[PDB]
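Structure data (PDB, C-alpha atoms) from coords.pdb:
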ATOM      1  CA  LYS A   1     127.118  69.332 138.419
ATOM      2  CA  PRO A   2     124.436  69.679 141.096
ATOM      3  CA  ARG A   3     125.954  68.836 144.460
ATOM      4  CA  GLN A   4     123.355  66.204 145.361
ATOM      5  CA  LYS A   5     123.953  64.573 141.950
ATOM      6  CA  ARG A   6     127.753  64.417 142.213
ATOM      7  CA  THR A   7     129.687  61.152 142.443
ATOM      8  CA  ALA A   8     132.957  60.756 144.341
ATOM      9  CA  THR A   9     135.676  59.054 142.280
ATOM     10  CA  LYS A  10     139.436  58.658 142.597
ATOM     11  CA  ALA A  11     139.918  61.713 140.364
ATOM     12  CA  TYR A  12     137.132  63.497 142.284
ATOM     13  CA  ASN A  13     137.350  62.796 146.012
ATOM     14  CA  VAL A  14     134.453  63.079 148.450
ATOM     15  CA  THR A  15     136.280  66.010 150.050
ATOM     16  CA  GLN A  16     136.611  67.701 146.651
ATOM     17  CA  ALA A  17     132.888  67.222 145.958
ATOM     18  CA  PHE A  18     131.201  67.329 149.381
ATOM     19  CA  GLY A  19     133.696  69.411 151.374
ATOM     20  CA  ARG A  20     135.918  68.475 154.297
ATOM     21  CA  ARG A  21     134.260  66.200 156.840
ATOM     22  CA  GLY A  22     133.549  68.413 159.837
ATOM     23  CA  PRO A  23     131.517  68.710 163.039
ATOM     24  CA  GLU A  24     129.035  71.313 161.815
ATOM     25  CA  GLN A  25     125.570  70.364 160.594
ATOM     26  CA  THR A  26     126.306  71.753 157.114
ATOM     27  CA  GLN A  27     129.245  69.324 156.780
ATOM     28  CA  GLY A  28     129.478  65.598 156.256
ATOM     29  CA  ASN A  29     130.808  63.074 158.748
ATOM     30  CA  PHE A  30     130.573  59.653 157.069
ATOM     31  CA  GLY A  31     133.786  58.335 155.560
ATOM     32  CA  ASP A  32     137.256  57.263 156.609
ATOM     33  CA  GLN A  33     140.375  58.316 154.714
ATOM     34  CA  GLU A  34     140.000  55.183 152.564
ATOM     35  CA  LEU A  35     136.726  55.939 150.763
ATOM     36  CA  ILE A  36     137.270  59.716 150.895
ATOM     37  CA  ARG A  37     140.217  59.786 148.487
ATOM     38  CA  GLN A  38     138.871  56.834 146.470
ATOM     39  CA  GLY A  39     135.171  57.719 146.421
ATOM     40  CA  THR A  40     132.971  55.155 144.697
ATOM     41  CA  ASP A  41     136.062  53.043 143.901
ATOM     42  CA  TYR A  42     136.228  52.017 147.571
ATOM     43  CA  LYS A  43     136.765  48.275 147.946
ATOM     44  CA  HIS A  44     133.461  47.965 149.851
ATOM     45  CA  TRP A  45     131.416  50.737 148.235
ATOM     46  CA  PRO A  46     128.728  48.276 147.004
ATOM     47  CA  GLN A  47     128.560  47.036 150.604
ATOM     48  CA  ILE A  48     127.927  50.666 151.615
ATOM     49  CA  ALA A  49     125.846  51.946 148.682
ATOM     50  CA  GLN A  50     123.270  49.207 149.362
ATOM     51  CA  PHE A  51     121.848  51.524 152.052
ATOM     52  CA  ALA A  52     121.688  54.755 150.046
ATOM     53  CA  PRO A  53     118.010  55.382 149.226
ATOM     54  CA  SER A  54     116.452  55.579 145.784
ATOM     55  CA  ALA A  55     114.714  58.624 144.325
ATOM     56  CA  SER A  56     111.304  57.492 145.579
ATOM     57  CA  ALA A  57     112.455  56.102 148.935
ATOM     58  CA  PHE A  58     114.216  59.400 149.686
ATOM     59  CA  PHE A  59     110.939  61.345 149.708
ATOM     60  CA  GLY A  60     108.923  58.380 150.997
ATOM     61  CA  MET A  61     110.937  57.569 154.124
ATOM     62  CA  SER A  62     112.605  60.844 155.123
ATOM     63  CA  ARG A  63     111.059  63.870 156.831
ATOM     64  CA  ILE A  64     111.319  66.726 154.335
ATOM     65  CA  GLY A  65     111.253  70.413 155.222
ATOM     66  CA  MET A  66     112.041  73.810 153.728
ATOM     67  CA  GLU A  67     114.463  76.294 155.300
ATOM     68  CA  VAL A  68     115.350  79.838 154.246
ATOM     69  CA  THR A  69     118.593  80.569 156.096
ATOM     70  CA  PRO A  70     121.209  83.302 155.555
ATOM     71  CA  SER A  71     122.894  81.175 152.877
ATOM     72  CA  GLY A  72     119.822  80.462 150.754
ATOM     73  CA  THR A  73     116.907  78.042 150.395
ATOM     74  CA  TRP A  74     117.413  74.496 151.682
ATOM     75  CA  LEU A  75     115.391  71.293 151.325
ATOM     76  CA  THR A  76     115.983  69.543 154.642
ATOM     77  CA  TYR A  77     115.640  65.796 155.162
ATOM     78  CA  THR A  78     115.942  63.387 158.079
ATOM     79  CA  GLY A  79     115.199  59.715 158.593
ATOM     80  CA  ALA A  80     116.453  56.273 159.537
ATOM     81  CA  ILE A  81     117.110  53.072 157.589
ATOM     82  CA  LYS A  82     116.387  49.748 159.284
ATOM     83  CA  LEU A  83     119.115  47.131 158.886
ATOM     84  CA  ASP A  84     118.185  43.519 158.177
ATOM     85  CA  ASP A  85     118.678  41.571 161.411
ATOM     86  CA  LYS A  86     118.481  38.318 159.403
ATOM     87  CA  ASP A  87     121.097  39.282 156.804
ATOM     88  CA  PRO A  88     124.086  36.885 156.899
ATOM     89  CA  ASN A  89     126.387  39.897 156.392
ATOM     90  CA  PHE A  90     124.571  42.069 158.954
ATOM     91  CA  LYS A  91     127.229  41.511 161.627
ATOM     92  CA  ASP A  92     129.733  42.824 159.067
ATOM     93  CA  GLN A  93     127.426  45.634 157.914
ATOM     94  CA  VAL A  94     127.288  47.186 161.384
ATOM     95  CA  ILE A  95     131.113  47.167 161.415
ATOM     96  CA  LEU A  96     131.888  48.792 158.055
ATOM     97  CA  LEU A  97     129.412  51.600 158.763
ATOM     98  CA  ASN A  98     130.851  52.326 162.215
ATOM     99  CA  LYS A  99     134.305  52.363 160.596
ATOM    100  CA  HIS A 100     133.289  55.506 158.677
ATOM    101  CA  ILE A 101     130.859  57.322 161.008
ATOM    102  CA  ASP A 102     132.783  60.312 162.413
ATOM    103  CA  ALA A 103     136.057  58.800 161.196
ATOM    104  CA  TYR A 104     137.586  62.244 160.575
ATOM    105  CA  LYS A 105     137.967  62.665 164.350
ATOM    106  CA  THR A 106     139.933  59.458 164.986
TER     107      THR A 106
ATOM    108  CA  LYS B   1     112.973  44.333 148.486
ATOM    109  CA  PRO B   2     114.916  46.669 150.789
ATOM    110  CA  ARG B   3     112.861  49.690 151.806
ATOM    111  CA  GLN B   4     115.527  52.172 150.671
ATOM    112  CA  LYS B   5     115.683  50.576 147.200
ATOM    113  CA  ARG B   6     111.924  50.472 146.581
ATOM    114  CA  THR B   7     110.466  52.566 143.758
ATOM    115  CA  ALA B   8     106.870  53.709 144.201
ATOM    116  CA  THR B   9     104.722  53.530 141.063
ATOM    117  CA  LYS B  10     101.000  53.381 140.296
ATOM    118  CA  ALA B  11     100.678  49.668 141.116
ATOM    119  CA  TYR B  12     103.009  49.997 144.145
ATOM    120  CA  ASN B  13     102.183  53.396 145.625
ATOM    121  CA  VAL B  14     103.867  55.420 148.379
ATOM    122  CA  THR B  15     101.565  54.182 151.152
ATOM    123  CA  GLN B  16     102.194  50.595 150.043
ATOM    124  CA  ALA B  17     105.957  51.108 149.760
ATOM    125  CA  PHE B  18     106.879  53.573 152.522
ATOM    126  CA  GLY B  19     103.769  53.489 154.716
ATOM    127  CA  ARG B  20     101.097  56.018 155.580
ATOM    128  CA  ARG B  21     102.182  59.622 156.085
ATOM    129  CA  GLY B  22     102.081  60.672 159.724
ATOM    130  CA  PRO B  23     103.680  62.847 162.406
ATOM    131  CA  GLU B  24     105.846  60.142 163.998
ATOM    132  CA  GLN B  25     109.626  60.301 163.683
ATOM    133  CA  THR B  26     109.664  56.954 161.840
ATOM    134  CA  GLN B  27     106.937  57.919 159.348
ATOM    135  CA  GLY B  28     107.228  60.090 156.270
ATOM    136  CA  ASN B  29     105.607  63.473 155.750
ATOM    137  CA  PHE B  30     106.205  64.120 152.025
ATOM    138  CA  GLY B  31     103.586  63.699 149.324
ATOM    139  CA  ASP B  32     100.065  64.883 148.631
ATOM    140  CA  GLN B  33      97.237  62.495 147.776
ATOM    141  CA  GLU B  34      98.082  62.407 144.059
ATOM    142  CA  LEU B  35     101.819  61.807 144.553
ATOM    143  CA  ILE B  36     101.015  59.044 147.059
ATOM    144  CA  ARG B  37      98.804  57.081 144.655
ATOM    145  CA  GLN B  38     100.961  57.583 141.543
ATOM    146  CA  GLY B  39     104.497  57.511 142.948
ATOM    147  CA  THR B  40     107.114  57.730 140.211
ATOM    148  CA  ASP B  41     104.336  58.056 137.603
ATOM    149  CA  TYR B  42     103.588  61.494 139.065
ATOM    150  CA  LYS B  43     103.410  64.273 136.486
ATOM    151  CA  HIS B  44     106.016  66.505 138.173
ATOM    152  CA  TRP B  45     108.153  63.707 139.634
ATOM    153  CA  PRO B  46     111.280  64.570 137.563
ATOM    154  CA  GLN B  47     110.951  68.078 139.009
ATOM    155  CA  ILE B  48     110.992  66.453 142.464
ATOM    156  CA  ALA B  49     113.604  63.747 141.815
ATOM    157  CA  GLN B  50     116.128  66.407 140.742
ATOM    158  CA  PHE B  51     116.701  67.092 144.461
ATOM    159  CA  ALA B  52     117.162  63.437 145.418
ATOM    160  CA  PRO B  53     120.786  62.714 146.393
ATOM    161  CA  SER B  54     123.018  60.392 144.423
ATOM    162  CA  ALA B  55     124.342  57.321 146.222
ATOM    163  CA  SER B  56     127.716  59.048 146.564
ATOM    164  CA  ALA B  57     126.160  62.374 147.597
ATOM    165  CA  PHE B  58     123.912  60.722 150.199
ATOM    166  CA  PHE B  59     126.839  59.515 152.318
ATOM    167  CA  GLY B  60     128.899  62.632 151.564
ATOM    168  CA  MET B  61     126.506  65.485 152.331
ATOM    169  CA  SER B  62     124.270  63.982 155.020
ATOM    170  CA  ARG B  63     125.234  63.481 158.664
ATOM    171  CA  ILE B  64     125.211  59.706 159.159
ATOM    172  CA  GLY B  65     124.808  57.977 162.515
ATOM    173  CA  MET B  66     123.565  54.742 164.081
ATOM    174  CA  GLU B  67     121.344  53.717 166.990
ATOM    175  CA  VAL B  68     120.345  50.427 168.609
ATOM    176  CA  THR B  69     116.665  50.395 169.569
ATOM    177  CA  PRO B  70     114.262  47.657 170.752
ATOM    178  CA  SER B  71     113.325  47.308 167.074
ATOM    179  CA  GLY B  72     116.587  46.924 165.172
ATOM    180  CA  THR B  73     119.767  48.674 164.082
ATOM    181  CA  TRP B  74     119.013  51.915 162.243
ATOM    182  CA  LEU B  75     121.267  53.884 159.891
ATOM    183  CA  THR B  76     120.245  57.458 160.661
ATOM    184  CA  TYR B  77     120.813  60.305 158.213
ATOM    185  CA  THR B  78     120.175  64.048 158.357
ATOM    186  CA  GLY B  79     121.124  66.772 155.914
ATOM    187  CA  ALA B  80     119.916  69.466 153.556
ATOM    188  CA  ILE B  81     120.048  70.039 149.793
ATOM    189  CA  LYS B  82     120.384  73.714 148.899
ATOM    190  CA  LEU B  83     118.285  75.102 146.049
ATOM    191  CA  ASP B  84     119.821  77.381 143.421
ATOM    192  CA  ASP B  85     118.071  80.758 143.589
ATOM    193  CA  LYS B  86     119.747  81.600 140.259
ATOM    194  CA  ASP B  87     117.405  79.108 138.584
ATOM    195  CA  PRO B  88     114.530  80.653 136.597
ATOM    196  CA  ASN B  89     112.291  77.764 137.715
ATOM    197  CA  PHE B  90     113.464  78.244 141.319
ATOM    198  CA  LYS B  91     110.188  79.751 142.541
ATOM    199  CA  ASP B  92     108.232  76.908 140.924
ATOM    200  CA  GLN B  93     110.477  74.396 142.704
ATOM    201  CA  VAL B  94     109.762  76.059 146.059
ATOM    202  CA  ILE B  95     106.005  75.979 145.417
ATOM    203  CA  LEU B  96     106.053  72.334 144.309
ATOM    204  CA  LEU B  97     108.052  71.169 147.337
ATOM    205  CA  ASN B  98     105.888  73.071 149.837
ATOM    206  CA  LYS B  99     102.753  71.578 148.255
ATOM    207  CA  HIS B 100     103.841  68.067 149.311
ATOM    208  CA  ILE B 101     105.607  68.702 152.641
ATOM    209  CA  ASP B 102     103.146  67.761 155.412
ATOM    210  CA  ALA B 103     100.380  67.703 152.794
ATOM    211  CA  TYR B 104      98.578  64.944 154.724
ATOM    212  CA  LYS B 105      97.474  67.611 157.242
ATOM    213  CA  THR B 106      95.128  69.366 154.796
TER     214      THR B 106
END
File written out as structure tokens:
Amino acid sequence: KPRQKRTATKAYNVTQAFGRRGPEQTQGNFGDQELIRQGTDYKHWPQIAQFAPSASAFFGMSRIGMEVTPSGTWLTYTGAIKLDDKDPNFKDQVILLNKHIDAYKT
Amino acid sequence: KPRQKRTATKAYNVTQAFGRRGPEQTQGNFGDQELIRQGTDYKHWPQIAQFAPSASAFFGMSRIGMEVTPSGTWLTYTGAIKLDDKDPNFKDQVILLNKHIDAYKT
């Protein structure tokens, strides 16, 4: 039920769970219309979920902070994930990710 | 093992898995000395891992991007996980998180 523990399915789209993809910082941007309505049932979700961090790597790699804004109390995070330049599917990994970064605008 | 899929334990700690905590943009800042050495075996780790995002919530809530540097191709992410102030243990969650954020500077 917690928002960071939700999972997007076909019966529970990413828009239904994580709001409409928008330009604001409080909104998401990753995801084309394919994996938004399908969620984890996307035909290449394992090819995408292989970059989502674990529970330990989330706090080990990211830069965590604490904000108290007008909404409430937030646990901020920011980081980067290096892609394997020697992966045989790396040339295809950089394509599928760009297909969904800011895809709500196109 | 991919850095985002690594799980830090007592034999494979946070410094071994995700590097030494520092102020650089590529380094992490989360974890005090006892969370670093123990990793997932930390006493209050389930109280910390409850804010880690699910694989579906990581790409749904966060703002995902990509950059090409002299090093490699990075999958950047930036977001925030709101804390429920209706929780009775809410104040203990705020204290626990602040005890590890930038704790290497003590």
Once the ChimeraX specification (/B :<7) & /A is applied to the coordinates I shared, what remains selected? I want it as a ChimeraX atom specification. /A:4-8,14,18,27-30,40,49,51-65,73-83,85,101
One-decimal distance in Å that lies between atom CA of residue 37 of chain A and atom CA of residue 11 of chain A: 8.4 Å
For atom CA of residue 1 of chain B and atom CA of residue 33 of chain B, the interatomic separation in Å (one decimal): 24.0 Å
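Here atom CA of residue 16 of chain A and atom CA of residue 96 of chain A stand 22.6 Å from one another.
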Return as JSON the centre and edge lengths, in Å with one decimal, of the box along x, y and z that encloses every atom of segment 36-51 of chain B in the file, padded by 8 Å per side.
{"center_x": 107.8, "center_y": 62.6, "center_z": 141.8, "size_x": 33.9, "size_y": 27.0, "size_z": 26.6}
